[PDB]
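Here is what each chain is made of, one letter per residue.
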Amino acid sequence: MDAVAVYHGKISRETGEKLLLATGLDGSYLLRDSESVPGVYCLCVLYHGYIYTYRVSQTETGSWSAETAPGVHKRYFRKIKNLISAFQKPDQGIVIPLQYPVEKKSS
Amino acid sequence: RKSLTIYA
């Protein structure tokens, strides 16, 4: 189900923020287990020394959808890996398209 | 230190 390479696992929002900061590469991203919201994943993104987090959860239809800023419809993907692949291009309702996968101890 | 997270 959770077939993601950039899955740090159970890490506080601070850890994910410090991780991207250390990288120093825009477009970088990772995954974290929302503490306040158990069961939901958060996709962090590096941009101008910032960490944008998006709500990624699996619906009852077995699909993965991302929740971004208003005015942007949430696309439904069949696989979680397909989500990250779609965010690898402009025009996706985000601050910046992924460009530097923050591998979890596999760089 | 301040706020490196912005969420969405």
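Each chain carries its own residue count, running from 1 in the order of its written sequence; this scheme can depart from the entry numbering, and residues that have no coordinates do not appear. Labels follow written order: the first chain is A, the first ligand is 1, and so on. Derived side-chain values reflect all non-hydrogen atoms in the structure, with water molecules and hydrogen atoms excluded from consideration.

- If you check the header, you'll see the entry was determined by solution NMR.

1. So, the nonpolar core
Residue and element names in this part refer to chain A.
Then, in step 1: We define a nonpolar core as any set of buried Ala, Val, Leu, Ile, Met, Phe, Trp, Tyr and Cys residues linked to one another through side-chain atoms lying within 4.5 Å. Accessible area is worked out with a 1.4 Å probe on protein chains only. A residue is then buried under 20% of its type maximum, exposed over 50%, and partly exposed in between. Membership of the largest hydrophobic core comes to 20 residues, with the highest contact counts inside it found for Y29, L43, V45, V56, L83, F87 and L98.
Then, in step 2: To qualify as a helix, a DSSP run of H or I must reach at least 4 residues; to qualify as a strand, a run of E must reach at least 2; elements of each kind are numbered from the N terminus. For this core, the secondary-structure elements that each account for two or more residues are strand 1 (29-33), strand 2 (41-46), strand 3 (51-58), strand 4 (64-67) and helix 2 (80-86).
Then, in step 3: At 4 residues, the largest contribution of residues to this core is made by helix 2.
Then, in step 4: In this description, contact between two residues means that some pair of their heavy atoms is separated by no more than 4.5 Å. Not counting residues up to four positions away in its chain, the partners in contact with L98 are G27, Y29, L43, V45, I84, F87 and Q88.
Then, in step 5: The next biggest cluster of nonpolar side chains, apart from the first, holds 7 residues, and it includes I11, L30, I51 and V102.

2. A short note on the UniProt feature "domain: SH2" in chain A
Then, in step 1: Here, the residues flagged by UniProt with the feature "domain: SH2" are residues 6-104 of chain A.
Then, in step 2: End C-alpha to end C-alpha, residues 6-104 of chain A measures 5 Å, and it is 18% helix and 25% strand. UniProt positions are given in the numbering used here, feature names are shortened, and annotations may be inferred rather than shown by experiment.

3. What about the pairing of strand 4 of chain A?
Residues and elements named next belong to chain A.
Then, in step 1: Strands are labelled as partners when DSSP assigns at least two bridges between them. Relative to strand 4, strand 3 runs antiparallel, the two sharing 4 bridges. Bridging from a neighbouring strand, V56 pairs with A66 of strand 4.
Then, in step 2: What sits between the antiparallel neighbours strand 3 and strand 4 is a turn of 5 residues, in which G62 has the positive phi angle 70°.

4. A look at the interface of chain A and chain B
Then, in step 1: With 17 residues of chain A at the contact, the number on the chain B side is 7 residues.
Then, in step 2: Once two parts are brought into contact, the accessible area they lose, counted with a 1.4 Å probe and summed over both, makes up the buried area. Surface buried jointly by chain A and chain B totals about 1000 Å² across both partners, of which 57% is contributed by carbon and sulfur atoms.
Then, in step 3: Criterion for a salt bridge: a side-chain nitrogen of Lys or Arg within 4 Å of a carboxyl oxygen of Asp or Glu. Connecting chain A to chain B are 1 salt bridge.
Then, in step 4: Polar contacts, as used here, are pairs of N or O atoms within 3.5 Å; protein pairs need one atom able to donate a hydrogen and one able to accept it. Residues neighboring in sequence count only if both atoms are side-chain atoms. Applying the counting rule to chain A against chain B returns 6 residue pairs in polar contact.

5. A few points about the packing of aromatic side chains
Residue and element names in this part refer to chain A.
Then, in step 1: Working definition: a ring pair exists when centres of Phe, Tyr or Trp rings (six-membered ring for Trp) sit within 6.5 Å. Plane angles under 30 degrees give stacked, over 60 give edge-to-face, the rest tilted. Under the counting rule described, the total for this entry stands at 3 aromatic pairs over all chains.
Then, in step 2: Measuring from centroid to centroid gives 5.9 Å for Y41 and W64, while their planes differ by 45°, and the two rings are tilted. With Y41 in strand 2 and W64 in strand 4, this residue pair connects regions lying 23 residues apart in the sequence. Each member of the pair, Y41 as well as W64, is classed as buried.
Then, in step 3: With 6.4 Å between their ring centres and 55° between their planes, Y47 and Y52 make a pair best called tilted.
Then, in step 4: Take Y47: its relative accessible area is 23%, and that puts it in the partly exposed class.
Then, in step 5: Grouped by ring-pair contacts, the aromatic residues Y7, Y41 and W64 constitute a single cluster.

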